Every structure is written in C-alpha cells, then in structure tokens.
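One-based numbering, in listed order, for ligands and for the atoms of each. Below, all heavy atoms of this structure are taken into account, side chains as well, without hydrogens, waters or symmetry copies. Convention: sequence-line order gives letters A, B, ...; per-chain numbering from 1.
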Amino acid sequence: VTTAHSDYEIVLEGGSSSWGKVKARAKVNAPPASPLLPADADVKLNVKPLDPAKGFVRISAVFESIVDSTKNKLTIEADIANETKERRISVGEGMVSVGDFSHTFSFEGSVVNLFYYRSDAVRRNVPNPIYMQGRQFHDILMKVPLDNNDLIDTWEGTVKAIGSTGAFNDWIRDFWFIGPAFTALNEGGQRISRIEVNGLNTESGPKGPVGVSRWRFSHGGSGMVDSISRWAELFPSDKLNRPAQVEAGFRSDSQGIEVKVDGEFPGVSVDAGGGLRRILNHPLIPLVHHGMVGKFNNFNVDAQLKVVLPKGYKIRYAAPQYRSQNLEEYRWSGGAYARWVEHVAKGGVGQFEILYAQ
Amino acid sequence: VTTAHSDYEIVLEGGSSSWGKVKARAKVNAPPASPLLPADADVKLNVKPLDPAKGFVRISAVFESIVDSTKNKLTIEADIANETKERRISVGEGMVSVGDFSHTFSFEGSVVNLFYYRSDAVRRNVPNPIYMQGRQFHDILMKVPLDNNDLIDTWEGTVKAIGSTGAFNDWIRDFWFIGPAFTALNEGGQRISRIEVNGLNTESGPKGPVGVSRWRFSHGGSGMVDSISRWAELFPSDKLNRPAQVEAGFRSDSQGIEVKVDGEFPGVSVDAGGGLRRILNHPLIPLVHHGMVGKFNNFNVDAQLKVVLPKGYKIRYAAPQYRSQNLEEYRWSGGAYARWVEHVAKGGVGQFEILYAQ
Amino acid sequence: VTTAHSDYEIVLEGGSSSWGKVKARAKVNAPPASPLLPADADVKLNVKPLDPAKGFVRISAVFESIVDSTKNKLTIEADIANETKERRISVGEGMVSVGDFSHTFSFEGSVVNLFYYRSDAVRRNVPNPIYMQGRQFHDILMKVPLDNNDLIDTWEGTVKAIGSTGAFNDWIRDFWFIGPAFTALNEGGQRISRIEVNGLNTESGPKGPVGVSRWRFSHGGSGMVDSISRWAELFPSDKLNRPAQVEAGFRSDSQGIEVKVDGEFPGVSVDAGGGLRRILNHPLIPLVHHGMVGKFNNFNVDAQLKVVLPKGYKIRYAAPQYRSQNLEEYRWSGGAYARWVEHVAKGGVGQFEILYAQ
Ligand code: BCL
Ligand code: BCL
Ligand code: BCL
Ligand code: BCL
Ligand code: BCL
Ligand code: BCL
C-alpha cells in the first residue's frame, strides 16, 4: 500500500505583519520520476535588507545535490531592487560545480514585467483575482572567467555556432529547457521567445580571458505563471524589515521520497480587504508542474495542517473546514482536507481559502 | 470515499428522425480545479428555424455564473446559415456583464472550414471515420458601443498597443486563451494562428462612438478538433424542423460538484449505413479537455445510462453491453459500463458504440 | 476490479555480447483510448547483416492491423548504414494497403543527428548520462507509382496545394501528426520543423507515371527523445553478427487489451564501466507516450520479471530488489517492483537499474 504522510505548520505574525514561519515534512513510498536515482538535494535561501532607502535586498541561494553518485552545486548571490512597479534590477555572482568541474560567473540584469491589459472594470468587480496574462522581458549581461579548457571549448563552440547557425536563437531553447523542462512550459501556459544575442566578446580579466555575453528574451504567460501574474507580490522587499530564510531538502530513490522545509519570510498572509486577512493564494506553477509527476502511483493521504494565528485572531472562513481548534491553533486532517491534498498533489488547483481576523 | 454518481437518459425519435431528448445528472464529492470557489453556472441554448428557404436558423445562448461572489453574464443571439458546404455566415448581437460593469456588441462573421485532403480511397474503405485534419478561417466584423469610461480606456489602450507593438498579432493569443485555456489547445491537437487586424476605427453610432474592428484568424486541427472534423454534422440546420433547446448548470465548491443537463435537439442519432443507425460518435474535445481535470481524485463510479429506442427498434450491437432491457428501453450500469465511465471521465476516448435498427 | 497481468523475460548472452532474448505478455481488462474499436495489430521486424565491410544491414518491417473491420497493412524493407557517427544513409521500398486500396513506394534518405553541445566536463563527471539535447535532419527522395486514380487525385491535389498555399510547409504538420500524434510531440519535448520541398516532379516509369518528391525536415529534442539522444545506440549495426528479429501483437476492444512480444537482438545489455554491465537504460519516449493512455482506469498490478544472466554472472545491484534467485535466474514481483510497474505504465520514468558481473 502506497501512503503519503505529510505535516505542515504555519505560524503567523499579527498586526500589519505578513510574516509567517512555514514548516513541512512529507514522505511517500513511491519512486520519483527521475531517470537517474538516487537523487538527493539540499537548498538554502537567505535574504536581508541591504539599502532600505533604495529598496535593495541581498539574496543568496545555495543548491547542492547528488544524483546517481554525481555531486552538484550551484550558488548565486545578488542585490535586487525595484526601479519601478514594472522594472526590477539585479547584480550578482555565483558558481556551479559538478564532480571535478567548476566555474564562476557574475552578472547584471533587468527584468520588466508588463500585463497585457489594465482595467478598473475587472479590478472593482473581482475581489480576489487570480489569472493575469502578461509578458516579462529579461536583459542580461553575464561574465564567466574562461579559466579551464572545458570553458574555453564551450565558449569557442558557442561562438562558432552563433556565427554559423541561423536558427541558433530558436533552437537554443531545445538545449535550455532540458528533458521534461521543455514540456512543462506549455503545461503552465508559459512561452519562451527566441533569444536576442546583442553582444558577445572576450575581456581581459585580472586572471585571464573572460567570456562576456549580452542577451535578451521574453516569456509570456496566459495567467497561471506566477512569475508574471504576481510579480510584485513575489518580491516583498518593502515587507522585509529583517532577514528571512528557508531551508529545504529531499532524499529520493527507487523506494520513495522524503522532504523537509523550514522557513520564515514575509508574504505568508495578505490583507483580504474588509478588515480580513487570508493566507496567500496558492501559486499555480508549483501545483501544475508537480502535477506532471504526481499521478504515477495511487496513494492514500495521511496529512495534517496546523495553522497558528496571532493572539486574539480567529478564523472567519475556511474551506475545507478545520477539524479542531485550541485557541489560536487550528488543525486540518482527514475528510475534505485529505481529499484536497490528494487533488493538489496530482495537479489540481481547487481553492483552499483561509480568511481570518480579530 | 470519493464517489461519482451519475445518470444519463437518451430518448430517440424514429423513422428518418435524428432527434433525441438528452438528460443527465452527476454529482461527485471532490473539488473542481478552479482557483476561485464557489463556482456556479447556468446555461440555456435555444435555436429555431428562421428561413428554411435560405437555411437560416436563429440561435441564442445565455450564460450566467457566480464565481467567488462575482456575478457574470453573457448572452449572444445570432442568425446563422450555410452558404456552402465549407462556408458558413452569421450576424448577431449580445452583451456581457460582470458585477457593476457591462457592455453590448453586434457582429457579422464568416467561417470557412477546409479539410487538408479528400480521398475516395479513405472514404470507401473506412466505414466510420473519426479523425479529419483541417483548418478553419474566421473573418469577423464586430462593434461595441463605447458607452462607459472602461470601454473607452480599453479601446484606446488597444489602439495604442496595435500601433506600437509589432508582436501584437502573436502575443494577443496569450491574453485570449486565459489561464489553462492556453494549455488545452495543444492537448486537443488544436493550433491558433496569429491574428490579422484588417480594420480598426471608431463610428458615430446613434447614442455615441462605437469601436469597430475587422479581424481574422485560422485554427488548425490534427483530427480530434470536432469543430473542424465534424463541421457539417455539428450544425444540423437541415434537420431542424422545429425549435430545439438545452439547459444545463452546475454548482461547485470545495466539497464537490453537481451538474444537470436537460435538452432536445436533432443529431443525436445517425444513419450508420446498411439500414442501421447509431448514437452519434462521441465528440473528442469534451473528453480530452475534461481529461485535464478528471484525474485529481480517485473515485468509484455509480453510473447508469438509459436509452429508449423508438417503438419497434432493437439494439443490434452495444459495447459495453447493456445490463437490462424492457421493450425499447435499455439500461447500462456497473461492470464494463462503469469502467468505461471512469475511462472517459479521466480523458479516455475508447469507443462505446450503440447500433440499432427495426 | 481492473487488474493488469503481465510477465516479462530477459535471457542474456555473455562475454562481450550485448544480445538478449526478450519476451513479454500483458493483459488488462480496461479499454484502449482508441475512438474506433476493436483494434488488433501484428508487427514483425527483421534485420540481417548485409555488407559488414560497409556496415550495411537489411531491415524489414511488416505492420498489419484491423480497426473497426478495416484491414490495414504496411511493409517497408531497407538497406541502412552509418556513413559517419552523425550521418546515416538508407535506400528501400515498401507498400501500404487499406481495404481495397493500395500503393507502393521506393525511397532513399539520409539522416544527420547533431547534438547541441559536446563537453568533456559532463562526460567525465556523469557516469550514466540520460538527457542529450539535439536535432536530427532528414533528406528524403521518395517515389510512388501513380497507378490508380486515387494516387493521381492525391498527387494532383498536393501539387495544386503546394503551388497555391504559402503556409503549406507549416500546415502540413497538422495533417501529418494525425489525431493525438500531434499532442505527443510536446509531451516528449519533441519539435518538428516546417518542411522544405526541394523537388516535385513526375517521372516516366516502366509501367506509367511516378510521383517523385524530394523534401527535408528537422526534429529537435530537449533530451528525452531517444531517436536523438541515443542515436548510435539505437542502431547497433556493429553488434549485428547474425540475424535479429522481433514479433509483437495486440488484440483490443471495449473489454480489454492483450499483448505479446517475442524477440532477440543485440543491445539488450551494455558495458557499464568498471567491469560491470547493465540492462540498457529504459528509453523515455515509450514511457512518456504510453503515459498519455495509462491513466484512465485504476488498476492493480500482477507483474513478474524474470532475468536470466549468462552462466557464472551475478547481480551486483538491482533497485527495485529482486524477490528470488535460482543460480543465474532472478525474479521480481510484488512490492516495490509492482509499484514501479504501476509508475512506468502511467508515464513515470523513475530508474529501475540492474547491474551485473562475473
Ligand atoms: C524562474 C521563473 C522565470 C523567471 C522569473 C524571474 C523573476 C520572478 C525574477 C527574475 C529575476 C532574475 N532573473 Mg529570471 N526567470 C526565468 C529564467 C531566467 C534565466 C534562465 C536562463 O532561465 C536567467 C539567466 C534569469 C536571470 C535572472 C536575473 C537577471 C534576475 C536575478 C536572478 C537571481 O538573482 O536569482 C537568484 C536565485 C534564487 C533566489 C534562487 C531561488 C529562486 C526561486 C524561484 C525562489 C523561490 C522563493 C521561495 C518560494 C520563497 C523564498 C523566501 C526566501 C527567504 C528568499 N532568469 C524563468 C523564465 N526572474 C529577478 C529580477 O527581476 O531581477 C532583476 C526576479 O525578481
Ligand atoms: C529570483 C527569484 C525571485 C523570486 C521569485 C518567486 C517566485 C517565482 C515565487 C515566489 C514566491 C514567494 N516569494 Mg519570492 N522571489 C524573490 C525574492 C523573495 C524575497 C525577497 C525579499 O527577496 C522574499 C521574502 C520572497 C518571498 C516569497 C513569498 C511571498 C512567496 C512564497 C510563499 C510561501 O508560502 O512559500 C512556501 C515555501 C515553500 C513551500 C518552499 C520553499 C522552499 C524551496 C527551496 C523554495 C524554492 C523552490 C523552487 C522549486 C526552487 C527552483 C530553483 C531554480 C531552479 C533556480 N521572495 C526573487 C527576487 N518568489 C512564490 C509565490 O507564491 O509567489 C506569489 C512563487 O511562486
Ligand atoms: C468554439 C470552438 C472554436 C470555434 C468554432 C466555431 C464553429 C464550429 C462555428 C463557429 C461560428 C462562429 N464563431 Mg468561432 N470558434 C472558436 C472561436 C471564436 C471566437 C473567439 C474570440 O475565440 C470568436 C469571436 C468566434 C466567432 C464566431 C462567429 C463569427 C460565428 C458565430 C458564433 C455564434 O453565434 O455563437 C453563438 C454561441 C453559442 C450557441 C454558444 C454555445 C456554443 C457551444 C460550442 C455549442 C454547443 C452545442 C451543444 C453541444 C448542442 C446545442 C444544441 C442547442 C439546441 C443549439 N469564434 C474556437 C476556435 N465557431 C459559427 C459559424 O460558422 O458562423 C458563421 C460555427 O458554426
Ligand atoms: C457557434 C456554435 C455552433 C455549434 C458548435 C458545436 C460544437 C463545437 C459541437 C457541437 C455539437 C453538437 N451540436 Mg452544434 N453548433 C451550432 C449549432 C447547433 C444547432 C443548430 C441548428 O443551430 C443544433 C441543433 C446543434 C446540435 C448539435 C448536436 C448534433 C451535437 C451535440 C450532441 C449531443 O449529444 O450533445 C449532448 C449535449 C450535452 C452533453 C450538453 C450540452 C449542454 C451544454 C450547455 C452545451 C455547451 C457546452 C460547452 C462546454 C459550452 C462552451 C461555451 C463557449 C465557451 C461559448 N448545434 C452552432 C452553429 N456543436 C457537438 C458534437 O458532438 O458535434 C459532433 C460538438 O462538439
Ligand atoms: C520514428 C521517430 C522519428 C525518426 C527517427 C529515425 C531514426 C532513429 C532513424 C530514422 C531513419 C529513417 N527515417 Mg526517420 N524518424 C521520424 C520520422 C520519419 C518520417 C515521417 C514522415 O514521419 C519519414 C518519412 C522518415 C524517414 C526515414 C528514412 C529516411 C530512414 C529509414 C527508415 C526505415 O527504413 O524505416 C524502417 C522502419 C522500421 C524498421 C519500422 C520499425 C521502426 C521502430 C521505431 C523501430 C523499433 C526497434 C525495436 C524497438 C527493436 C527492433 C529490433 C529488430 C530486430 C530490428 N522518418 C520521427 C520524427 N528515422 C533511419 C536512418 O537514419 O536512415 C538513414 C534511422 O536510423
Ligand atoms: C528506422 C528505425 C531505426 C531504429 C530506431 C529505434 C528507436 C527509435 C529505438 C530503438 C531501440 C532499440 N533498437 Mg533500433 N532502430 C533501427 C535498427 C535497429 C537494429 C538494426 C541492426 O538495424 C537493431 C538490432 C536495433 C535494436 C534496438 C535495441 C538496442 C533497442 C530496443 C531494446 C529493447 O529492449 O527493446 C525491447 C522491445 C520491445 C519492448 C518491443 C519491440 C516490439 C515492437 C514491435 C517494436 C516497435 C514498437 C514501435 C511502437 C513501433 C512504431 C512503428 C512506426 C510507427 C513505423 N535497432 C532502425 C535503423 N531503435 C529503442 C531503444 O531503447 O533505443 C535506445 C528505441 O527507442
């Protein structure tokens, strides 16, 4: 018998605060859909206020994994700020390593997020809008020291390809969205444009030649792509009054999958209007993308959610309904909640709303 | 335990008549995949002979819904006629309303449906062909009175966009196929071309300015798109000797879905050749599209179908086989029928054929 | 209760040999997702060494089916050889028949398979790479005697279309990937280019006019398309020291599906390095494509695998683990193996690795 066991905990700050602590654990005795096993990964994300006056934060990410004995790592650290409601700017650096190979990089880039329409007729009549169609434009300048022969080979190969292959800006997407990543684009109503290569040259860096590229692309979303529809919400820099962090990891092999998440960050709750608040709307891409793997083994659900509201707050509406309550702490399990967990784990996006207030 | 309960009833006219009464009810205690709940809708479609000499019918549609408290409505009424086997013409009017906002519209449009091949070698050798690849071309002239400020804003915004944005005819499809509608295109082997904007201007209508647009698009189908493969069959104007109608609705929320259908129309049965008739072949798009939502909760099937043949007719072949019979009335439930209901509810298109005769 | 019963047997040659005998049987009491039933098919593939000095083999394929009473057949026989590691050449002939219609054909064609990158940094650090992004270019010259009126009609229709329709090279793909074949492309991360028509003319053949076309297309793969990622491996001509063959067939209708496979060919095992061997990595397209039909009825798994190693060899690693062993013969059933069978039958590609050695 295949059984998914999971526990989730949300502990909320009150007042005007959107912050929450989020913890999760899950295990299921079914294999992942990776054609290489075992596959283990640990991820740590950190972000701190940097310059509140200019709205800059400093964010870092560390990814480490082991896949069929191969050890991988990627880190990236960047300073990011909104310039306007639509244009965001970044500058950063990082590295990637795989077994005995590694390389570094630095970059700067701007992203401009544009909705296809704006209408007060929609805004005033839909209290909790979900879909927002739009397109996001990246402009990136990246640099990689060419300080081993593999880097040199790839740089020269790519220079040669760009020079000789008229369809490079098109076919590069076949390379980029490796394996089933390609398939996931259409699944989420996401489109990636042909790229533009605006600049390609070698620089004389302090330790040697540096490969420098300037390039652009856009990606379109029909409304489910959270990176576009919830662009401002997903970067709550104006709510980051202290450092935030999240650590997560999984272990997986032919026998099953185990996962753990432990984080604290702003944006967990939202002003719902009318003096109510809600847990933020569930982003759609995680459910749709995970939906591509959640349907391969039947499973029973053994799931519990615990939500701790701030002192003095009460739930006004929850659907699925909670099972029990002890002051500010509410618990869901079994019944309609278990059924909703099955639904979203298989790719469904049916709404689970929690509205609360003092 | 998740259980889908459903009942279907088909009552057929005899002789040369293709007409039937179709009733259905279903309920299932699982949530819909809507990221806004509750979601309730009622739909009424009507069509009557208008000018049998020119083949015009007058069709009307009313859609009403409530989604997370927002009240929606759209109506459309049109006169439609075949000009040729491939070209159909229409003229009509309607309105849309959402909360405190509303607008009207009128239009005329032609649609030309073209198959990619015609071959007697296929026709004479395949007795019940299903797939037909082809492409359908729309040419539309629509008008909307710009009689509130939101209409004015959207009209001017769109005029501005068409003027400034070279990729408008491309990216408009991201806006148009909102949310998971985008994803459904590829699922059904359906392609939407870039649009052509042939005309855009303001008219001085009786009550004020009117926004007028003339535009075109084609959509391609690899064979499953019923709008293309069964183009003539889906508009049985030559069989409409009296008014036809269908009413349907659903209620849904975090706890489940309930639905009801009650209609009467031509085209329910078909001449199968050899003096046999069949219930029409199941259209594929409904099953494929619904397949995108039917896989998120395991369910047991409690389904019954009742088919009442005209007096004196008998079933010659049915697969899945029926369970019971009382004169002209045949009933299916359990066993292989329940298994077929599960199959098609999850997106399968395995054939369930009923052939009958006197 | 829906139950899938299946048995698989692999019997391996030893030494440096990659050959194996592969047998399979499966049955399941659920309907196929074919909108025409019954659907029965038998396939026979044969290949023999032809000219070991030039690397030519002679391969033949016979497909026969019956679909809703219509009898179909297609045969193809060809000589195929690698010219280089990337370029393969072929010349051959065949026929197609459907009911009272038939036609023949002959052809020659080259295919060039190109990976998007080559990197020693990947090669030396990933011991068993799976994804390889790339693009494959076909150049085909085919001839069909126009020796009945239907052939003449289609030839003239196509000549007319190519002449009049600017989007022919684009829309031809709607015709080509009939029905759900269209949808399967994106599912497997596969792209088909617009075609190029380089030549179209009529020849005066011995018995009459012959329609001759010269045309090209490429197809891209993001890494799962085995035709691209495992290009050399899939044509083990250098391992074909004697004839190989496989016969397979299925019978299906509204009640269920039964299938049988019986074959012997090189390429069943692979040198894994370190003096180990493995069963070849599971190709991804079969699992992904079948995944599009494997999710419509819940089923229980009654599956057994038997692997017979060459004398004196032992399994070093298997995950899922085997259940029993008798000398060189190992058996899997139930437990984690049954769970893996469910997973891959529904479209999962989680790795099942068997490594063995003396
Ligand atoms: C990922 C989905 C979208 C996308 C959506 C966005 C969004 C949204 C943003 C960017 C931004 C950036 N993108 Mg982009 N971007 C995509 C694909 C790309 C690709 C590529 C080759 O595929 C590249 C090179 C880039 C490059 C870049 C940079 C120019 C820029 C800064 C990145 C950074 O510092 O990351 C650092 C990396 C990480 C922090 C790793 C973790 C990333 C995941 C997604 C974050 C999960 C947050 C978690 C749920 C809660 C975190 C709480 C913690 C306490 C922080 N994008 C795809 C198409 N991109 C930012 C920008 O505008 O800069 C100007 C920005 O806000
Ligand atoms: C470059 C990337 C972008 C960015 C892209 C996104 C995207 C895209 C999304 C978010 C979302 C969220 N982000 Mg943000 N985000 C950025 C910076 C920040 C900052 C900040 C001050 O810098 C903060 C505090 C946040 C905070 C938040 C939350 C409001 C929200 C997640 C809520 C939740 O409950 O998660 C619960 C958390 C978990 C269940 C697990 C989180 C742990 C794992 C490790 C996080 C990463 C998972 C992902 C698969 C990894 C992909 C990595 C790439 C391949 C490189 N982001 C940068 C600028 N963020 C999500 C959301 O809901 O938006 C509305 C969302 O979809
Ligand atoms: C919907 C799937 C296909 C499509 C397939 C068809 C087909 C097929 C036809 C049209 C026709 C029309 N289409 Mg078109 N069309 C599509 C997308 C569009 C879009 C758009 C922005 O997406 C627009 C503006 C149009 C516009 C139009 C008009 C020019 C024209 C008349 C519409 C009408 O009166 O509807 C009135 C609206 C309704 C009746 C609502 C109900 C619609 C559903 C689909 C009908 C279900 C029938 C039910 C199962 C049985 C009904 C029995 C009742 C007793 C009647 N189409 C997509 C791509 N279109 C018609 C034509 O050729 O006119 C010249 C026609 O026959
Ligand atoms: C503008 C739209 C087009 C059109 C488009 C289609 C399409 C597309 C299809 C049909 C199909 C059918 N149509 Mg027609 N149809 C038109 C006009 C008509 C007229 C007429 C004389 O005007 C008649 C009598 C019919 C009759 C019929 C039947 C032969 C057949 C449904 C059989 C059945 O058992 O349904 C059983 C009915 C039900 C199970 C439920 C019906 C109730 C619901 C409310 C109907 C609409 C559902 C749909 C999801 C709503 C989408 C609305 C849009 C978003 C606006 N149509 C107009 C001209 N029609 C279907 C078929 O099988 O074709 C071969 C089909 O796929
Ligand atoms: C099928 C998936 C890919 C593809 C991948 C490949 C690969 C890979 C190769 C070709 C090759 C060829 N392709 Mg191609 N090809 C595709 C689509 C096409 C289409 C089309 C209209 O769709 C056409 C006309 C062609 C035409 C051709 C010829 C030019 C050439 C020889 C074919 C042959 O003899 O087949 C004979 C037909 C059969 C043997 C039928 C069986 C085919 C199945 C796929 C084989 C299963 C093997 C089985 C698992 C184990 C067999 C063991 C037996 C003992 C042999 N391809 C799609 C896009 N094509 C070959 C080449 O390069 O020639 C120069 C080659 O190696
Ligand atoms: C024109 C077609 C190409 C070609 C295309 C492919 C493709 C594509 C693939 C293979 C794969 C394999 N091929 Mg090869 N292959 C060709 C010629 C050969 C020759 C030869 C010396 O000529 C040999 C010995 C082989 C041998 C092999 C094996 C190494 C491997 C299957 C292993 C296994 O366990 O299958 C177990 C076998 C079965 C489970 C059942 C096989 C029985 C059925 C009848 C085979 C065909 C099924 C398929 C759905 C039919 C599609 C037909 C088309 C619509 C026309 N191929 C020709 C040149 N071959 C597969 C692989 O794993 O590659 C890494 C794979 O994906």
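A salt bridge is absent between A/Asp262 and A/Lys21; no separation between the charged side-chain nitrogens and carboxylate oxygens falls under 4.0 Å.
A/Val246 is not listed as a side-chain neighbour of A/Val22, based on a closest heavy-atom distance of 4.5 Å or more. Considering only heavy atoms from C-beta on, C/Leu12 comes within 4.5 Å of C/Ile10 through its side chain. Inter-residue side-chain proximity for C/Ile228 and C/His219 is flagged as met; some heavy-atom pair is nearer than 4.5 Å. Using a 4.5 Å heavy-atom threshold, the side chains of B/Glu247 and B/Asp42 count as separate. At least one side-chain heavy atom of C/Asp226 sits less than 4.5 Å from a side-chain heavy atom of C/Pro286. Using a 4.5 Å heavy-atom threshold, the side chains of C/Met224 and C/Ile130 count as separate. With a 4.5 Å cut-off on side-chain heavy atoms, C/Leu280 and C/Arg230 count as touching.
Looking at C/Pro266 against ligand 6, both its backbone and its side chain come within 4.0 Å, counting heavy atoms. Within the 4.0 Å heavy-atom criterion, the part of A/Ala61 lying near ligand 1 is the side chain and not the backbone. Using a 4.0 Å cut-off between heavy atoms, A/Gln245 contacts ligand 1 through its backbone alone, with no side-chain atom that close. With a 4.0 Å cut-off on non-hydrogen atoms, A/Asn46 does not touch ligand 1 at all. Contacts between A/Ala78 and ligand 1, counted as non-hydrogen atom pairs separated by less than 4.0 Å, involve the side chain only.
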Intermediate values then yes/no, side-chain contact (heavy atoms from CB on, under 4.5 Å), B/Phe265 and B/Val47: CA-CA 9 Å; B/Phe265 37 83; B/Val47 63; over 6 Å; no
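With hydrogens and angles disregarded, no donor-acceptor distance shorter than 3.5 Å links the side chain of B/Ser18 to the backbone of B/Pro266. Panel note: side chain C/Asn113, backbone C/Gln136; no donor-acceptor pair is recorded below 3.5 Å. A donor-acceptor pair under 3.5 Å links the side-chain atoms of B/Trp19 to the main chain of B/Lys239, judged by distance alone.
Atoms of ligand 1 lying under 4.0 Å from any heavy atom of A/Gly109, numbered from 1 in the order shown and given with element: 29 (C), 64 (C). Near A/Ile89, with a cut-off below 4.0 Å to any heavy atom, the atoms of ligand 1 are 64 (C). Near B/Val57, with a cut-off below 4.0 Å to any heavy atom, the atoms of ligand 4 are 22 (O). Taking every heavy atom of B/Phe63 and a limit of under 4.0 angstrom, the matching atoms of ligand 4 come to 52 (C), 55 (C). Below 4.0 Å from some heavy atom of B/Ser227 lie the following atoms of ligand 4, by number and element: 8 (C). Interface of A/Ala244 with ligand 1, defined as ligand atoms under 4.0 Å from a residue heavy atom, comprises 54 (C).
Remark: ligand 1 and A/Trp176 share an N or O pair separated by less than 3.5 Å (distance only, no angle test). At a 3.5 angstrom cut-off on N or O pairs, A/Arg88 counts as close to ligand 1.
Here C/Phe235 fails the criterion, with no N, O or S atom under 2.8 Å of atom 14 (Mg) of ligand 6.
With atom 59 (N) of ligand 4 as the reference point, the heavy atom nearest to it among B/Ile285, B/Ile279, B/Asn281, B/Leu234 is part of B/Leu234. Heavy-atom proximity to atom 56 (N) of ligand 1, evaluated over A/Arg87, A/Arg230, A/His138, A/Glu247, is greatest for A/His138. Scanning B/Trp19, B/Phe56, B/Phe265, B/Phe250 for the heavy atom closest to atom 37 (C) of ligand 4 points to B/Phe265. The residue from C/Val261, C/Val47, C/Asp262 that puts a heavy atom closest to atom 40 (C) of ligand 6 is C/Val261. Between atom 63 (O) of ligand 1 and the options A/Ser90, A/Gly263, A/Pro286, the minimum heavy-atom separation is to A/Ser90. Nearest residue to atom 46 (C) of ligand 4 from B/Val43, B/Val22, B/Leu45 is B/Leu45 (criterion: closest heavy atom). Nearest residue to atom 42 (C) of ligand 6 from C/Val225, C/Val246, C/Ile10, C/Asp42 is C/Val246 (criterion: closest heavy atom). Closest heavy-atom approach to atom 36 (C) of ligand 1 within the set A/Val91, A/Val62, A/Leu240, A/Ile76: this belongs to A/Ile76.
Remark: distances from the non-hydrogen atoms of B/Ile80 to ligand 4 include one below 4.0 Å. Residue contacts with ligand 1: A/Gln136 is included, with a non-hydrogen atom under 4.0 Å away. Residue B/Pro236 places a heavy atom less than 4.0 Å from ligand 4.
In this structure, A/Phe217 and A/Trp215 have parallel ring planes: the angle between them is below the 30° cut-off, well short of the 60° mark.
Considering only residues two or more places apart in sequence or on other chains, B/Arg88 meets the salt bridge (charged side-chain N to carboxylate O under 4.0 Å, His left out) condition with none of them. Residues that satisfy the side-chain contact (heavy atoms from CB on, under 4.5 Å) test with A/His282, not counting sequence neighbours, are A/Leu287.
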